Number of protein chains: 2
Amino acid sequence: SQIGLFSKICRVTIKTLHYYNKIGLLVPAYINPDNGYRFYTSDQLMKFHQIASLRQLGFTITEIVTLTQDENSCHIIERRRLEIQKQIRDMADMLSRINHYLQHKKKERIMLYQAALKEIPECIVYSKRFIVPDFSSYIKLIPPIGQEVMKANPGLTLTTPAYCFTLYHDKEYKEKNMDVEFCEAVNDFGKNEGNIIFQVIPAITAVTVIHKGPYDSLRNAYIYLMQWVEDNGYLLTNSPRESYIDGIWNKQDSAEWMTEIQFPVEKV
Amino acid sequence: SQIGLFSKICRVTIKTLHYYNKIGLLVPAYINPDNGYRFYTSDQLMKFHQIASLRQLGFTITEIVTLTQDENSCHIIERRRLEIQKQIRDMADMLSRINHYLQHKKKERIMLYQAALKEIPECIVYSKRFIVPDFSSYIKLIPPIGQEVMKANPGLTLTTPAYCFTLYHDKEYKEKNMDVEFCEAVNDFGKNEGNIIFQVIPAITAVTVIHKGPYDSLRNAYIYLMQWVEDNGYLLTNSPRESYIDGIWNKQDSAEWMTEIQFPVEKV
Ligand code: 118
Ligand code: 118
């Protein structure tokens, strides 16, 4: 039968048959060489049935071409079986995050905090860990650590980009008497002097939020993320990090300082 | 900051930044007039965080653009929540159906039937209802059924292609008796007489397989489909159909005949 009628019996378009004949799939029965027409037989219906059945299961064209001729090979099906489960879990997570987005946006008219997942690699740092009574004494006592360590460690170069952060080792969020550690990243090791130490922090996967403005409201950021981990069925696994990007060392308007809070979490 | 350092602050490729500048999504702070170099600032990172945050919910570039610059436009988010809720369902069928596939393939290491879902539009048919004692007698009795109808009507033109079939109105099969109907599709209505009548048959969505060979193995097809609609969670809403494509009237070898088995189903 000619191609315009075969396309109505099969209920598909003609461009589909042209494309199939081009790629080497469902080659016609008899092509007339003078005019160039294509004539199909009832033998082609029983292969198109198989093509449409395999395509309705999500397979791509090259696997179907490799399948109809290498019929012993059946592991492509499992290769697809793992990707389907991955797709179900990702769509089931995007759905929950969209619902959380709408639930959060219900009462608040606009939103400040926008969470995002990311990867953080391994690093070498020099660090110092101690207890502080408050945050203001902390802000003033950091820079002595920076002048002093360069005094005792000659020629120590930082990394690119710069990574300078602090760890809140306490299990519960507090306002005074905080156990805190300060870390800055360098390229190579050195030797310890007094309380200043050198160590290696492993690689993590973390959820991040960026806060912009004055320090006093940073707890608000810590509110949102503390909601986030509970709302979308996640579990906080390790101590949070607070890494400093823009502060008093580059600018004078303290209402333009920007920092980023990262909670290492896992989908369990 | 130059493009190569900013690409390491954000952990993204350079071609992505070029593309985002071309689209109009993320425009650099300052561009050199003669070189053409691109320089970025911290607020570019605050915005890239928002871009990635929006991109993690599955939106495409145009909606992300429309979301960032324009008004809130909440109707786009819930409208997405349907495209996910639907998609999961779609996904949730296929992981089932492929799981059907394996439970049959690994039983025989050969596949005789492959099922596929399709849609059959509405038609105008002539039809005759009756009870049959034995299928062979029905085959023998069909040529007179053709003869009465062929003589007494002017301008009785069949369809292109030819759709002639038999309707099985029984719920649970038995070899003793069968309430069947013979149907052949025509273009227009007219007057009815005798045991034959004209009627319209509405469109349906059916699962079909194609059987080639004699009829004395046809039950082996049904036992397959009676499983396929039961395991993978679909529901049989109406009487099956048996459509005849190629037989003694076009061919000579009965082992090269070809028929099509159709089960009308819905998603339940
Ligand atoms: C060791 C200890 C502190 C700093 Sb810094 C800083 C500098 C550049 C970029 C990011 C951070 C600092 C502040 C004032 C004067 C000199 C250095 C610093 C201080 C307090 C809180 C966060 C960072 C550096 C090394
Ligand atoms: C009225 C009733 C049945 C048939 Sb046919 C047939 C005709 C066209 C296309 C396909 C089938 C038939 C049988 C023998 C010789 C010539 C025509 C027919 C026979 C058995 C089963 C189904 C249809 C024809 C007219």
# chains A, B, ... in the order shown; residues from 1 in each chain; ligands from 1
$ calpha_fit_rmsd --fixed "chain A" --moving "chain B"
0.9 Å
$ residues_around --residues "residue 6 (chain B)" --least-positions-apart "2" --cutoff "9 Å" --atoms "only C-alpha atoms" --output "JSON, numbers by chain"
{"A": [161], "B": [1, 2, 3, 4, 8, 9, 10, 11, 12, 39, 40, 41, 45]}
$ interface_residues --of "chain B" --to "chain A" --cutoff "7 Å" --atoms "only C-alpha atoms" --output "VMD selection string"
chain B and resid 9 50 53 57 81 84 88 91 94 to 95 98 114 to 116 161
$ closest_residue --among "B:187, B:238, B:217, B:157" --to "ligand 2" --atoms "only C-alpha atoms and all ligand atoms"
B:157
$ closest_residue --among "B:255, B:124, B:153, B:166" --to "residue 189 (chain B)" --atoms "only C-alpha atoms"
B:124
$ residues_near_ligand --ligand "ligand 2" --cutoff "9 Å" --atoms "only C-alpha atoms and all ligand atoms" --output "PDB file with N, CA and C atoms, in the first residue's frame"
ATOM      1  N   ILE B 139     -17.745 -18.865  11.082  1.00  0.00           N
ATOM      2  CA  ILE B 139     -16.903 -18.609   9.906  1.00  0.00           C
ATOM      3  C   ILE B 139     -17.585 -19.082   8.629  1.00  0.00           C
ATOM      4  N   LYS B 140     -18.235 -20.240   8.694  1.00  0.00           N
ATOM      5  CA  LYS B 140     -18.881 -20.837   7.530  1.00  0.00           C
ATOM      6  C   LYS B 140     -20.110 -20.032   7.125  1.00  0.00           C
ATOM      7  N   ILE B 142     -20.669 -16.727   7.761  1.00  0.00           N
ATOM      8  CA  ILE B 142     -20.451 -15.318   7.417  1.00  0.00           C
ATOM      9  C   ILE B 142     -20.594 -15.009   5.920  1.00  0.00           C
ATOM     10  N   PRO B 143     -20.270 -15.889   4.966  1.00  0.00           N
ATOM     11  CA  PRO B 143     -20.404 -15.480   3.548  1.00  0.00           C
ATOM     12  C   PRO B 143     -21.853 -15.234   3.143  1.00  0.00           C
ATOM     13  N   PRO B 144     -22.840 -16.031   3.601  1.00  0.00           N
ATOM     14  CA  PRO B 144     -24.238 -15.624   3.348  1.00  0.00           C
ATOM     15  C   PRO B 144     -24.626 -14.316   4.017  1.00  0.00           C
ATOM     16  N   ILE B 145     -24.052 -14.045   5.193  1.00  0.00           N
ATOM     17  CA  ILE B 145     -24.277 -12.775   5.871  1.00  0.00           C
ATOM     18  C   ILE B 145     -23.788 -11.632   4.998  1.00  0.00           C
ATOM     19  N   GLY B 146     -22.690 -11.854   4.286  1.00  0.00           N
ATOM     20  CA  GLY B 146     -22.255 -10.880   3.306  1.00  0.00           C
ATOM     21  C   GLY B 146     -23.179 -10.794   2.106  1.00  0.00           C
ATOM     22  N   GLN B 147     -23.689 -11.942   1.657  1.00  0.00           N
ATOM     23  CA  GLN B 147     -24.503 -11.989   0.442  1.00  0.00           C
ATOM     24  C   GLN B 147     -25.812 -11.200   0.552  1.00  0.00           C
ATOM     25  N   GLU B 148     -26.549 -11.366   1.664  1.00  0.00           N
ATOM     26  CA  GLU B 148     -27.826 -10.652   1.798  1.00  0.00           C
ATOM     27  C   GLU B 148     -27.589  -9.147   1.742  1.00  0.00           C
ATOM     28  N   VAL B 149     -26.578  -8.678   2.471  1.00  0.00           N
ATOM     29  CA  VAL B 149     -26.295  -7.256   2.569  1.00  0.00           C
ATOM     30  C   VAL B 149     -25.774  -6.727   1.239  1.00  0.00           C
ATOM     31  N   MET B 150     -25.016  -7.539   0.489  1.00  0.00           N
ATOM     32  CA  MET B 150     -24.470  -7.023  -0.766  1.00  0.00           C
ATOM     33  C   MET B 150     -25.527  -6.844  -1.846  1.00  0.00           C
ATOM     34  N   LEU B 158     -17.701   0.432   1.344  1.00  0.00           N
ATOM     35  CA  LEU B 158     -16.892   0.133   2.514  1.00  0.00           C
ATOM     36  C   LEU B 158     -15.894   1.258   2.776  1.00  0.00           C
ATOM     37  N   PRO B 161      -9.084   2.305   5.264  1.00  0.00           N
ATOM     38  CA  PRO B 161      -8.979   0.885   4.909  1.00  0.00           C
ATOM     39  C   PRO B 161     -10.189   0.085   5.345  1.00  0.00           C
ATOM     40  N   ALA B 162     -10.111  -1.236   5.230  1.00  0.00           N
ATOM     41  CA  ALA B 162     -11.240  -2.087   5.557  1.00  0.00           C
ATOM     42  C   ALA B 162     -11.185  -2.455   7.031  1.00  0.00           C
ATOM     43  N   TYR B 163     -12.280  -2.186   7.732  1.00  0.00           N
ATOM     44  CA  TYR B 163     -12.438  -2.511   9.146  1.00  0.00           C
ATOM     45  C   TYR B 163     -13.669  -3.396   9.273  1.00  0.00           C
ATOM     46  N   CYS B 164     -13.429  -4.688   9.433  1.00  0.00           N
ATOM     47  CA  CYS B 164     -14.474  -5.660   9.685  1.00  0.00           C
ATOM     48  C   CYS B 164     -14.091  -6.494  10.896  1.00  0.00           C
ATOM     49  N   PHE B 165     -15.058  -6.697  11.785  1.00  0.00           N
ATOM     50  CA  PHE B 165     -14.741  -7.280  13.078  1.00  0.00           C
ATOM     51  C   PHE B 165     -15.974  -7.942  13.674  1.00  0.00           C
ATOM     52  N   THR B 166     -15.737  -8.613  14.792  1.00  0.00           N
ATOM     53  CA  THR B 166     -16.730  -9.379  15.520  1.00  0.00           C
ATOM     54  C   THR B 166     -16.655  -8.908  16.964  1.00  0.00           C
ATOM     55  N   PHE B 182     -21.610  -9.274  14.309  1.00  0.00           N
ATOM     56  CA  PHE B 182     -20.766  -9.045  13.147  1.00  0.00           C
ATOM     57  C   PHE B 182     -20.930  -7.596  12.720  1.00  0.00           C
ATOM     58  N   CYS B 183     -19.798  -6.915  12.502  1.00  0.00           N
ATOM     59  CA  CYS B 183     -19.790  -5.500  12.167  1.00  0.00           C
ATOM     60  C   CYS B 183     -18.843  -5.215  11.012  1.00  0.00           C
ATOM     61  N   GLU B 184     -19.303  -4.429  10.042  1.00  0.00           N
ATOM     62  CA  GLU B 184     -18.388  -3.960   9.009  1.00  0.00           C
ATOM     63  C   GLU B 184     -18.675  -2.481   8.783  1.00  0.00           C
ATOM     64  N   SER B 243     -10.833  -8.011  15.278  1.00  0.00           N
ATOM     65  CA  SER B 243     -10.836  -7.428  13.948  1.00  0.00           C
ATOM     66  C   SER B 243      -9.981  -8.248  13.001  1.00  0.00           C
ATOM     67  N   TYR B 244     -10.463  -8.403  11.773  1.00  0.00           N
ATOM     68  CA  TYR B 244      -9.840  -9.286  10.801  1.00  0.00           C
ATOM     69  C   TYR B 244      -9.155  -8.441   9.739  1.00  0.00           C
ATOM     70  N   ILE B 245      -7.864  -8.681   9.510  1.00  0.00           N
ATOM     71  CA  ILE B 245      -7.088  -7.901   8.552  1.00  0.00           C
ATOM     72  C   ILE B 245      -6.776  -8.702   7.291  1.00  0.00           C
ATOM     73  N   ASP B 246      -6.184  -9.891   7.429  1.00  0.00           N
ATOM     74  CA  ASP B 246      -5.784 -10.621   6.223  1.00  0.00           C
ATOM     75  C   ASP B 246      -6.108 -12.101   6.418  1.00  0.00           C
ATOM     76  N   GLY B 247      -6.811 -12.669   5.452  1.00  0.00           N
ATOM     77  CA  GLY B 247      -7.304 -14.032   5.541  1.00  0.00           C
ATOM     78  C   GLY B 247      -7.410 -14.663   4.174  1.00  0.00           C
ATOM     79  N   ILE B 248      -8.296 -15.652   4.049  1.00  0.00           N
ATOM     80  CA  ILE B 248      -8.431 -16.353   2.778  1.00  0.00           C
ATOM     81  C   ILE B 248      -8.908 -15.443   1.650  1.00  0.00           C
ATOM     82  N   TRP B 249      -9.535 -14.305   1.964  1.00  0.00           N
ATOM     83  CA  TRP B 249     -10.077 -13.464   0.903  1.00  0.00           C
ATOM     84  C   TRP B 249      -9.018 -12.598   0.236  1.00  0.00           C
ATOM     85  N   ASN B 250      -7.849 -12.459   0.851  1.00  0.00           N
ATOM     86  CA  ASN B 250      -6.724 -11.750   0.260  1.00  0.00           C
ATOM     87  C   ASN B 250      -5.507 -12.640   0.073  1.00  0.00           C
TER      88      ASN B 250
END
$ atom_distance --atom1 "atom 16 (C, counted along the ligand's line) of ligand 1" --atom2 "CA of residue 141 (chain A)"
11.0 Å
$ atom_distance --atom1 "CA of residue 128 (chain A)" --atom2 "CA of residue 225 (chain A)"
26.4 Å
$ residues_around --residues "residue 122 (chain B)" --least-positions-apart "5" --cutoff "8 Å" --atoms "only C-alpha atoms" --output "compact mmCIF listing (two decimals) with N, CA and C atoms, in the first residue's frame"
# COMPACT_ATOMS: atom_id res chain seq x y z
N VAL B 200 -23.99 3.87 14.91
CA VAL B 200 -22.71 4.53 15.16
C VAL B 200 -22.05 3.86 16.35
N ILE B 201 -20.73 3.74 16.29
CA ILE B 201 -19.94 3.19 17.39
C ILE B 201 -18.98 4.29 17.82
N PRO B 202 -19.00 4.70 19.08
CA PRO B 202 -18.19 5.84 19.53
C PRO B 202 -16.73 5.45 19.70
N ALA B 203 -15.90 6.47 19.88
CA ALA B 203 -14.46 6.25 20.01
C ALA B 203 -14.17 5.57 21.34
N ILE B 204 -13.09 4.79 21.36
CA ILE B 204 -12.66 4.09 22.57
C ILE B 204 -11.14 4.16 22.67
